[PDB]
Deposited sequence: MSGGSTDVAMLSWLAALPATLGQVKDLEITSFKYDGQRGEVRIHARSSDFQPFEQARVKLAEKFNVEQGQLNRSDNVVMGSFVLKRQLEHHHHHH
């Protein structure tokens, strides 16, 4: 019905993404029915995405989306529990 564990742990994401230099979160969505969080972010380079994926992977199932350069690099992440 609705994923409360992801809702709780989502509270750690601002502080976590906050540790990554040159990573701007432009949006993020929690979907309780799927228990996922999807995050869009941008940087001046790819390397902040690598740092973010590795950090998110410690406590989440992370999938990185495509990274595209516009001089901004744009990408996304899908998080699920684990």
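J.: Which regions of the deposited sequence are unaccounted for in the modelled residues, listed N- to C-terminal?
T.: Unmodelled stretches, in sequence order: 1 to 4, 75, 88 to 95.
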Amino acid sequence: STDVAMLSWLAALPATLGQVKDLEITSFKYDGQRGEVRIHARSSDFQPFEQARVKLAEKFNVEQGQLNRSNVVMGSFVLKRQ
From here on, numbers count along this sequence of modelled residues.
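J.: Should the higher mean CA B-factor in the entry be assigned to 29 to 37 or to 43 to 51?
T.: Stretch with the higher mean C-alpha B-factor: 29 to 37.
J.: On average, which has the higher Cα B-factor in the deposited entry, 54 to 62 or 12 to 20?
T.: According to the entry, 54 to 62 carries the higher average C-alpha B-factor.
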